[PDB]
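Chemist: My sequence and its experimental structure, below.
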Amino acid sequence: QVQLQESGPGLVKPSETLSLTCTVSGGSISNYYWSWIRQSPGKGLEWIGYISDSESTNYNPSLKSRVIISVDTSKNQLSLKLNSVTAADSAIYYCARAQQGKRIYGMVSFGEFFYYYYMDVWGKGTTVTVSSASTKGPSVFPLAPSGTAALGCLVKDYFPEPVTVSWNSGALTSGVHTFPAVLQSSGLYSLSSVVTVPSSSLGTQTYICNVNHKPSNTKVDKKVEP
Amino acid sequence: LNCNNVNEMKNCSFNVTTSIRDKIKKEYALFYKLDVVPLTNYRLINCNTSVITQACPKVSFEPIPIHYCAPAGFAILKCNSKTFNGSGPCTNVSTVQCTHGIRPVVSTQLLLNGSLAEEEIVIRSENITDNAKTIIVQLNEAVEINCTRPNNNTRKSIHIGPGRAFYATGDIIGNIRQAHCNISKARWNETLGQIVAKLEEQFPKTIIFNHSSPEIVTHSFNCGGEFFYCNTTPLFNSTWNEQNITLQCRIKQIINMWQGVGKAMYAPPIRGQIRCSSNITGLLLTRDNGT
Amino acid sequence: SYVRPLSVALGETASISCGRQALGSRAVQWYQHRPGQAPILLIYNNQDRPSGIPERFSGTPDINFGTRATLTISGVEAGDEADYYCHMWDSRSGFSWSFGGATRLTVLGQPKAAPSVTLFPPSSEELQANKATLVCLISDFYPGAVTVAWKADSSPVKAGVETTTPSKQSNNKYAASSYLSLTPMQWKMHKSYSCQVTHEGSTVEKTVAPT
Ligand SMILES: *[C@@H]1O[C@H](CO)[C@@H](O[C@@H]2O[C@H](CO)[C@@H](O[C@@H]3O[C@H](CO[C@H]4O[C@H](CO[C@H]5O[C@H](CO)[C@@H](O)[C@H](O)[C@@H]5O[C@H]5O[C@H](CO)[C@@H](O)[C@H](O)[C@@H]5O)[C@@H](O)[C@H](O[C@H]5O[C@H](CO)[C@@H](O)[C@H](O)[C@@H]5O)[C@@H]4O)[C@@H](O)[C@H](O[C@H]4O[C@H](CO)[C@@H](O)[C@H](O)[C@@H]4O[C@H]4O[C@H](CO)[C@@H](O)[C@H](O)[C@@H]4O[C@H]4O[C@H](CO)[C@@H](O)[C@H](O)[C@@H]4O)[C@@H]3O)[C@H](O)[C@H]2NC(C)=O)[C@H](O)[C@H]1NC(C)=O
Ligand SMILES: *[C@@H]1O[C@H](CO)[C@@H](O[C@@H]2O[C@H](CO)[C@@H](O[C@@H]3O[C@H](CO[C@H]4O[C@H](CO)[C@@H](O)[C@H](O)[C@@H]4O)[C@@H](O)[C@H](O)[C@@H]3O)[C@H](O)[C@H]2NC(C)=O)[C@H](O)[C@H]1NC(C)=O
Ligand SMILES: *[C@@H]1O[C@H](CO)[C@@H](O[C@@H]2O[C@H](CO)[C@@H](O)[C@H](O)[C@H]2NC(C)=O)[C@H](O)[C@H]1NC(C)=O
Ligand SMILES: *[C@@H]1O[C@H](CO)[C@@H](O)[C@H](O)[C@H]1NC(C)=O
Ligand SMILES: *[C@@H]1O[C@H](CO)[C@@H](O)[C@H](O)[C@H]1NC(C)=O
Ligand SMILES: *[C@@H]1O[C@H](CO)[C@@H](O)[C@H](O)[C@H]1NC(C)=O
Ligand SMILES: *[C@@H]1O[C@H](CO)[C@@H](O)[C@H](O)[C@H]1NC(C)=O
Ligand SMILES: *[C@@H]1O[C@H](CO)[C@@H](O)[C@H](O)[C@H]1NC(C)=O
Ligand SMILES: *[C@@H]1O[C@H](CO)[C@@H](O)[C@H](O)[C@H]1NC(C)=O
Ligand SMILES: *[C@@H]1O[C@H](CO)[C@@H](O)[C@H](O)[C@H]1NC(C)=O
Ligand SMILES: *[C@@H]1O[C@H](CO)[C@@H](O)[C@H](O)[C@H]1NC(C)=O
Ligand SMILES: *[C@@H]1O[C@H](CO)[C@@H](O)[C@H](O)[C@H]1NC(C)=O
């Protein structure tokens, strides 16, 4: 079928072009409608705009002279270029496939219908933060265990959200429990992952956590052992 | 009048003297574009012409069968000839005290609810070779016409004087739509063909139908209480050597009745939806090279 | 966009009324948006559902004008807790750029679960890096609302501790972290350090000593 995956800077400075991109899978780019949707904390869902299978532009008048939704059909790729960003523009940006319905109520010839749009398949979402603060890489520190035990990794002082934590590059996936981060007053987030493991495998079933933080181009790994 | 739009009738607001002679209220109402003219600010179309009287919202415009009787000592003569053209000697005469049930249908271009003809359809005239003489065609089988105003309107009582209550229009509940009519494309095709048949018995040539040369340009009648003005161009558009035909009707509330001495009438708005079904049994044509 | 609170019981029937009733013939969309997650198209036409939506999600059609649009969720679960939006498309109002307001459904009468506190001492590499951090991990508790207390031996701390607001989990329970930052000498100079997580009306203790 059809799936989507966005990808953006994750961090854009104030008064700048918030570029973005969304590649669709298993579907033609030029025979559906495509909508961009963002959602900030405290606010609700906001419909940015949408492009057609005819590549027609139509944006939310809430966003004045800012949005420009492009699309290049050589791949399955369509972009989104917000500019003159500010603090209120921090949100999760979603990429969804819109479909057109024609709701007829009177006579089709007299023009007694209206067009409604519904999004049926969405992207996962790209977190975007806006601030003059520079990017920051984390620094993992292992957490050693004590029938059943628990161990994990401490991802300290990074910016901005988010980080991805895999265990044994993806092998260990049962019992893994990555926790939500903590925005410290220093302005840096802090996360903590933890995996409940059988005490028999404590010695020795090798355990390594895989930390990825995209705004810093960092990929670090660390062992855990008593 | 300070008139808005909707998307056609304006949304007009205006100061009015009330039941108390020195207090002012600001009311709002809807008026079709044919009832108003720009002076933006607006006014009613008649105000530079004539005084207007609101039609009593209890008298009906229903065409009732009216019989015309001759006094004692007089007589009316009938004509039972089933192919009688307008003038000449009728060889089947009968005397009657009164005429039949006649409905005073106010219509234009298309005769509604009238008396059909027997045998075949007949056309009449004075001097048919004179182009400035109207042609009265009578049909033998009616073609069904169905008109409607689908907008669900509301009536508002505005007290503008002691006992004087002007009924206005305000707010359209539900969908905004278009007042129109419907006749069968096939039944109007076979009937226009029958009208084409006898336009040969009086002429030789090709028979072209075109639109008129909004009281007279369009089919104007009365549907449930409101006076339509239906564009009959999708009706007369043919040259003779399922599908519904729909006319786009406008709606007026102020009419100049018949004359133009200086009296107009305001038809109070009808509440809810309007739909009427009638029979077109006649036709009033006008002929104007090689055709 | 502001939030409209709604409370139903587990297993009953939900009735989410739209906040913007229609003026003409309508084409209403219903979206299930969980916070910080991909929205789910529940009902696109007035009552038509996509592939993969349970029958228990029903929408009201507009056969006769007047019937307002409501979302009916029969047999509510715990995972049905989310935001709900009413995208109103009607013939009178123009173009529906804005989604609905918000109807946050909170299901009442769920099984209450106790937290699973887990405290780790400071790491070896960070203690070498001249900084200490106690990580008191809390998980699988309902209702998601806990208060965290830190004890240096027997004395309260209150200084230099951060705490996560309880976030939800896949199994519909909640979790929250709790980081206590200490100087590497402060962590060694004290005999014990405790973490009290009093969830609902009871506290659970997890203590660790520098050995
Ligand atoms: C005078 O002359 C006039 C001119 O001749 C004449 O005008 C006519 O007036 C009438 C009434 O005023 C008009 O009737 C209306 O017609 C509307 C259009 O209906 C047509 O289209 C729909 C949709 O078609 C799409 O979907 C079907 C399948 O669903 C596909 O197969 C199609 O290919 C098409 O999909 C493509 O096209 C879309 C573009 O439209 C694209 O977006 C899409 O991607 C695809 O490319 C069809 O379903 C209709 O089929 C019906 O009719 C056929 C015969 O052709 C029958 O076999 C059968 O009965 C079918 O049901 C039709 O083809 C209607 O929308 C409208 O009815 C709705 O609106 C009114 C008021 O708004 C509601 O009260 C009513 O209940 C209907 O609402 C239902 O549907 C909407 C939208 O789907 C829902 O949101 C709503 O909840 C409700 O759903 C309920 O009912 C459904 C069944 O209807 C059911 O499925 C639901 O589950 C639920 O129960 C109304 O009927 C007519 O159009 C005028 N004519 C013209 C030419 O304009 C007039 O009558 C004359 N006389 C007078 C004035 O007296
Ligand atoms: C034709 O034009 C008319 C104006 O000349 C239109 O009438 C106006 O219509 C609007 C809505 O479109 C109304 O505004 C609403 O008012 C109600 C009433 O609430 C008010 O009172 C409470 C006190 O309880 C107060 O707290 C509110 O703030 C309001 O002041 C509100 O509930 C709505 O939210 C909205 O504000 C006007 O009131 C109304 N004016 C008049 C004089 O009737 C008419 O709708 C137009 N019609 C068409 C078909 O176009
Ligand atoms: C032609 O005659 C029919 C039938 O008498 C008229 O339809 C009536 O309209 C009135 C008012 O709209 C209704 O109260 C009646 O119930 C209708 N009767 C029927 C049988 O439908 C129709 O209005 C007439 N047409 C014209 C132009 O006068
Ligand atoms: C009614 O009179 C007042 C007088 O001040 C005026 O301001 C107002 O515009 C008038 N109303 C209309 C609809 O013209
Ligand atoms: C009244 O005003 C209208 C403006 O639409 C104009 O056409 C008409 O000739 C005027 N009539 C008189 C008698 O002034
Ligand atoms: C119109 O014609 C039909 C068919 O004969 C008839 O039933 C109906 O009464 C007629 N209506 C009028 C007003 O003459
Ligand atoms: C009607 O018929 C008479 C003779 O029957 C004829 O003189 C007259 O011209 C006819 N009327 C028309 C309008 O043709
Ligand atoms: C009919 O009109 C024509 C001119 O239009 C005229 O020549 C002819 O005499 C008229 N015939 C009658 C009977 O009036
Ligand atoms: C018209 O509107 C009224 C309310 O003003 C409502 O009671 C009635 O049902 C409506 N009729 C139709 C046919 O929609
Ligand atoms: C007109 O309406 C009548 C009754 O609603 C129906 O029997 C007839 O077929 C209609 N004809 C047309 C041309 O719409
Ligand atoms: C009647 O309709 C035709 C097209 O159907 C249009 O060209 C014409 O302008 C209309 N008549 C009037 C008076 O507007
Ligand atoms: C024609 O009109 C009649 C009534 O006006 C309606 O019942 C019928 O469905 C219409 N047919 C078409 C094809 O629009």
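Modeler: Alright, I've got the coordinates. Residues are numbered from 1 along each chain as shown, chains lettered A, B, ... in the order given. Ligands and ions are numbered 1, 2, ... in the order given.

Chemist: which stretches of chain C form helices?
Modeler: C:124-128, C:184-189 (DSSP state H).

Chemist: Which of these sits closest to ligand 9?
Modeler: With distances scored as C-beta to the nearest ligand atom, the stretch of the helices of chain C nearest to ligand 9 is helix C:124-128 (72.2 Å). For the C-beta atoms, the positions are set from N, CA and C on the backbone; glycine is no exception.

Chemist: Convert the C-alpha atoms of that closest one to PDB, please.
Modeler: Provided in PDB are the C-alpha atoms of helix C:124-128 (Å, rounded to 0.1, in the frame of the first residue of the first chain):
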ATOM      1  CA  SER C 124      31.200   4.700  36.700                       C
ATOM      2  CA  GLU C 125      32.200   6.800  33.700                       C
ATOM      3  CA  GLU C 126      30.300   9.900  34.900                       C
ATOM      4  CA  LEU C 127      31.600   9.600  38.400                       C
ATOM      5  CA  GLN C 128      35.000   9.700  36.700                       C
END
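
Chemist: Can you list the buried residues in that helix?
Modeler: Of all the residues in helix C:124-128, those buried under the rule 16 or more other C-beta atoms under 10 Å in any protein chain shown are C:126-127.

Chemist: now swap in stretch C:132-141 and tell me
Modeler: C:132-139, C:141.

Chemist: repeat for stretch B:182-189
Modeler: B:183-184, B:187-188.

Chemist: Can you give the domain ranges for chain C?
Modeler: Chain C breaks down into these structural domains: C:1-109, C:110-211 (assignment by curated CATH domains).

Chemist: Just send these back as a markdown table, with distance to residue A:72 too.
Modeler: Shown next, in a markdown table, are these (distance: least, C-beta to C-beta, whole Å):
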| stretch | distance to residue A:72 |
| --- | --- |
| domain C:1-109 | 24 |
| domain C:110-211 | 37 |
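
Chemist: Report the contact partners of residue A:57.
Modeler: A:49, A:51, A:68-69 (C-beta atoms under 8 Å, 6 or more residues apart in numbering or on different chains).

Chemist: For the residue of chain C found nearest ligand 7, which residues are in contact?
Modeler: Distance from ligand 7 to each residue of chain C (C-beta to the nearest ligand atom) is smallest for residue C:91, at 52.5 Å. With contacts defined as C-beta under 8 Å, 6+ apart, residue C:91 is in contact with A:103, A:105, A:112-114, B:175-176, C:23-26.

Chemist: Quick check: closest non-adjacent residue to it.
Modeler: Among residues not flanking residue C:91 along the chain, residue C:24 sits closest, at 3.5 Å (C-beta to C-beta, 6 or more residues apart in numbering or on different chains).

Chemist: so that neighbour makes contact with residue C:90?
Modeler: Yes. The criterion here is C-beta atoms under 8 Å, and residue C:24 meets it with residue C:90 at 4.7 Å.

Chemist: what about the residue in the stretch 51-200 of chain B that ligand 2 sits nearest to, neighbour count?
Modeler: The nearest approach of the stretch 51-200 of chain B to ligand 2 comes at residue B:171, 4.7 Å away (C-beta to the nearest ligand atom). Look at residue B:171: counted by other C-beta atoms under 10 Å in any protein chain shown, it has 12 neighbours.

Chemist: Assign residue B:47 to helix, strand or coil.
Modeler: Following DSSP: H, G, I helix; E, B strand; the rest coil, the label given to residue B:47 is coil.

Chemist: centroid residue for chain C?
Modeler: For chain C, residue C:168 is the residue whose C-alpha lies nearest the centre (C-alpha atoms, centre = their mean; 4.4 Å).

Chemist: so how many other residues sit close to the closest residue to ligand 11 within chain A?
Modeler: Closest residue of chain A to ligand 11, C-beta to the nearest ligand atom: residue A:109 (10.6 Å). Using other C-beta under 10 Å, residue A:109 has 10 neighbouring residues.

Chemist: give the contact list for the nearest residue to residue A:163 once chain neighbours are set aside.
Modeler: Counting by C-beta to C-beta, 6+ apart, residue A:163 lies nearest to residue A:213, which is 4.7 Å off, once chain neighbours are set aside. If you count contacts by C-beta under 8 Å, 6+ apart, residue A:213 has them with A:137-138, A:158, A:163-164.

Chemist: and which of the buried residues of stretch C:132-141 is nearest residue B:276?
Modeler: Of all those, residue B:276 sits closest to residue C:141, with 70.4 Å by C-beta to C-beta.

Chemist: Contacts only, for the closest residue to that closest one other than its chain neighbours.
Modeler: The spatially closest residue to residue C:141, leaving aside those adjacent along the chain, is residue C:115, at 3.8 Å (C-beta to C-beta, 6+ apart). Contact analysis of residue C:115 by C-beta under 8 Å, 6+ apart lists C:138-141, C:146, C:197, C:199, C:204.

Chemist: ok, residue B:121 touching residue B:136?
Modeler: No. Using C-beta under 8 Å, residue B:121 makes no contact with residue B:136, being 11.5 Å away.

Chemist: More neighbours: these two, which one.
Modeler: residue B:121 (20 against 16).

Chemist: Just give the nearest non-adjacent residue to that one, would you?
Modeler: residue B:140 (4.5 Å).

Chemist: show me what contacts that neighbour?
Modeler: By C-beta under 8 Å, 6+ apart, the residues touching residue B:140 are B:116-121, B:194.

Chemist: who wins for neighbours among those?
Modeler: residue B:121 (20 neighbours).

Chemist: residues in contact with that residue?
Modeler: Residue B:121 touches B:137-141, B:194-195, B:197-198, counting by C-beta under 8 Å, 6+ apart.

Chemist: rerun that using 10 Å as the cut-off
Modeler: Applying C-beta atoms under 10 Å, 6 or more residues apart in numbering or on different chains, one finds that residue B:121 lies in contact with B:137-141, B:191, B:194-195, B:197-198, B:281-283.

Chemist: Just flag the most distant two among these.
Modeler: Going by C-beta to C-beta, the pair spanning those furthest: B:197 and B:281, at 17.0 Å.

Chemist: Compare those two and say which is more crowded by neighbours.
Modeler: Between residue B:197 and residue B:281, counting by other C-beta under 10 Å, residue B:281 is the more crowded of the two (22 against 14).

Chemist: Which secondary structure state is assigned to that one?
Modeler: Classification of residue B:281 by three-state DSSP places it in strand.

Chemist: Of all the residues in the longest strand seen in chain B, which ones are buried?
Modeler: Longest strand of chain B, by residue count under DSSP state E: strand B:135-159. Buried residues in strand B:135-159, counted by 16+ other C-beta under 10 Å: B:135-139, B:142-143, B:145-153, B:158.

Chemist: swap in stretch A:59-72?
Modeler: A:59-60, A:66-67, A:69, A:71.

Chemist: Stretch B:84-92 now?
Modeler: Buried, per 16+ other C-beta under 10 Å, within stretch B:84-92: residue B:84.

Chemist: cool, stretch C:188-201 as well?
Modeler: In stretch C:188-201, the ones that count as buried by 16+ other C-beta under 10 Å are C:193-197, C:199.
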